Every structure is written in structure tokens, then in C-alpha cells.
């Protein structure tokens, strides 16, 4: 029953809730509350759905609920360690990874998304993602990725796998793909049936979800936990000085 917790984050209507169901299988109502969804694979996989952010005209301090949630899991874990009675196995409800959905605009990162990602990246591992990447043509995807990569660097946003931490060669493959071009679907024939052809979501030539999935739960899954435990949680623990 080894545990791994992922949280999806972004504005509403970006296919965030759809990708959650897509990930597990490997109309949905507008998400109004933070909801934790858990199924078993042996791994206990938890995907955390969240209300949209940046939906309002004014969005100051609108990152606080998600920020509260992330910090609440660190706090539960810390209090477990301080407990004198605890515990054969401390339950890990901490957010290990965080998929941040980026609107497939074509231009550049929005100050809104930059502001949010820059805050999240300090307390959790961020993996940027192009929402509804089927929107983009092949040439648009490449150009937009360049702008996102340039913007991430120029705004000092640490995405997983973080640079400061053979392994370097392996990690570049992950970094060259950020932001991941993902497509959501829960129908199978599994793809998204459009007017002109069906998009095969787990087909590497159609989108990049297949890569992200294997990179998140198979090859990097332990390292994401390790960074969560040794960097983010340890930094939280220190702050309680």
C-alpha cells in the first residue's frame, strides 16, 4: 500500500477534472471544492481535484485555499513525527507532485499563472502542462513550449526535476518535455472522438500524456517523493522554529 499523491491545479475549463479520470483508467460538473480521489493500482494513488483559480476579476489571495491544503498535509505529517505514541506507518497525505495546467494560448505565460506557479513551486513539486494540447498544431506546440520554457526560467520558477538537485541525462528528457502536451478523455473505442478523426490519448505520436503518466508513477515516482520529503517537508518543519 505504497502511497503517491498528485494534485491538479489551473483555471476552470482546462480539462483538469477530465485528465484525472484519464489517469486512473490507464459530462463532468464544474469542480467547486477540493476533492481527494483515491484508487489502488501495488500503489495507493491519490489525485486531488481543485476549484479553478483566477476565475474572478480580482484574484488577490485566491491561492490561499490550495496553499492551506498543501500546508495542512505537511502539518499532519509533522505532528505525527512529534507524537510520542505514533506509529508503525505514518500516513502520507502530502502532495508529492502538482500538475499546473497552462491554457493553450500560443503566446506566453500569463502573470496570473506565473504568480500562482511561483508560489506553489516553493512548497511543492510543479509539473507544467499544456491544457487541451490538441488545440495546437505541431508547429504551434513547439513554439509555445519555447515561450513557456523561456518564461519559467526568466521568472525563476523551479519545475520538477529541479536543476540544483547519469541522473542528469535522464532528467533532461523530462525537462525537454515541459510543458507536457496532454489530452484528456475517459471514452474508449481510449481517445477523444472529434469531427475529423479520433485522438488516441495514450498514443505518443498524438500527444504527450503517455510520457507524463510513466514519468510520474513509474520512473520518477520515488524521486518525486524523495524531494517532497527531504526538501519541501523539511523546509516546512524548520519554519516551525
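Numbering follows the first chain given and starts at 1.
| message | Please classify the coordinate gap between residue 41 and residue 42 in terms of deposited residues: none, 1 to 3, 4 to 9, or 10 or more. | response | Gap between residue 41 and residue 42: 4 to 9 unmodelled residues.
| said: Please classify the coordinate gap between residue 165 and residue 166 in terms of deposited residues: none, 1 to 3, 4 to 9, or 10 or more. | reply: Per the record, 4 to 9 deposited residues are absent between residue 165 and residue 166.
| message | So, looking at the entry's B-factor column for Cα atoms, which has the higher mean, 6 to 14 or 217 to 225? | response | The stretch with the larger average C-alpha B-factor is 217 to 225.
| field | Selected stretch [higher average CA B-factor]: 82 to 90 or 107 to 115 | value | Higher mean C-alpha B-factor: 82 to 90.
| For residue 63, the third of its chain into which the C-alpha B factor falls | It belongs to the highest third of the chain when residues are ordered by C-alpha B-factor.
| task | Among all modelled residues of this chain, ranked by Cα B factor, put residue 196 in the bottom, middle or top third, i.e. lowest, middle or highest. | result | Top third by C-alpha B-factor.
| request: Pull the Cα B-factor of residue 69 out of the PDB entry and bin it into the chain's lowest, middle or highest third. | output: As the PDB entry reports it, the C-alpha B-factor of residue 69 lands in the lowest third of its chain.
| message | Lowest, middle or highest third: which one holds residue 148 when the chain's residues are ordered by CA B-factor from the entry? | response | Within its chain, residue 148 is a lowest-third residue by C-alpha B-factor, going by the deposited values.
| Going by the entry, which third of its chain does the Cα temperature factor of residue 171 land in? | It falls in the top third of the chain.
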